């Protein structure tokens, strides 16, 4: 039944999530929840974090775990100045700034809407960064699947099914 399923996915997440200090905060934020809404939010957040870490590694970027805005990222490299943007990942090499946006969407309509949003968001930054002699390389890692390197696919499936079941409530 529903209660046994939730306990079981919590156990699976607990056992089989890749031991990674970078997931422990969000892992716990998921495990402590009782209410269906919170279990969605935090479970979906946990999956998104797994994808962000993967996407940064794949693309040679630093994961933005401290939620730094672009403006702050530059201030930290002594560069002086923007639209508020908190990238999923980044790399600054001299005057070349790589920004990474990644996401997951299941339906093509949603995927496109989110792709357009992330694209325009980064394009708007490009013109403003020019004024401080920063070249922007914008990268969008748009995914249709939640599968990732932080959790076995079979665990992933059980988690999303249980989460879909919580949409009942």
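Numbering follows the first chain given and starts at 1.
- According to the record, 1 to 3 deposited residues between residue 81 and residue 82 are left without atomic coordinates.
- Residue set 26, 48, 69, 107: peak C-alpha B-factor at 107 (per PDB entry).
- Among all modelled residues in this chain, the alpha-carbon of residue 148 has a temperature factor (C-alpha) in the lowest third.
- Sorting the modelled residues of the chain by their CA temperature factor places residue 3 in the lowest third.
- The entry lists a Cα temperature factor for residue 64 that places it in the lowest third of the chain's modelled residues.
- Ranked against the other modelled residues of its chain, the C-alpha B-factor of residue 85 as given in the entry falls in the lowest third.
- Residue 10: CA B factor in the lowest third of modelled residues in this chain (values from the PDB entry).
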